[PDB]
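Report on the following structure.
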Amino acid sequence: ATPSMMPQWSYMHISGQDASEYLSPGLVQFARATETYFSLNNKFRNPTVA
Amino acid sequence: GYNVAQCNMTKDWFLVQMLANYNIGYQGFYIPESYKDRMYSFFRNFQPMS
């Protein structure tokens, strides 16, 4: 079935939106502002579906 | 016990060199990528002996 049928898989980031979506946009801009000298590009996993 | 890497070097100097040549160290340590580590770099020419 479509994954959004069950909410848990959406809650644990198993299926649903990506990294850039659920975050409050201020923090996304913050991360994109300091990619070099203080990373944050691995603190959240964004799923994929076939 | 300020020695590290099983050599006679204090931690602080190791951290300073790693930062100044790779911006690496505030988030652990690992092996920097090849193209960012040329011949005259720090890491390629560091040998501890005992």
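Keeping their order, the protein sequence lines are chains S and W.
Okay, so the first sequence: first residue is 14 according to the working numbering, each after it adds one.
Okay, so the second sequence: first residue is 2 according to the working numbering, each after it adds one.
Positions of the beta carbon are idealized from the N, C-alpha and C atoms, including for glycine.
query: In this structure, does DSSP put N54 (chain S) in helix, strand or coil?; result: coil
query: When DSSP labels each residue in this structure, what does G29 (chain W) get in the three-state scheme?; result: strand
query: In whole angstroms, what separates the C-alpha of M10 (chain W) from that of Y36 (chain W)?; result: 26 angstroms
query: Which residues mark the beginning and the end of the alpha helix (DSSP H) in which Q18 (chain W) is found?; result: 12-23
query: Suppose the cutoff is 7 angstroms on Cβ atoms and the five residues either side in sequence are ignored; what does the same chain contact list for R45 (chain W) look like?; result: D38
query: Beta-carbon within less than 6 angstroms of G2 (chain W)'s beta-carbon, same chain only, minus the 5 sequence neighbours each way: which residues are those?; result: none
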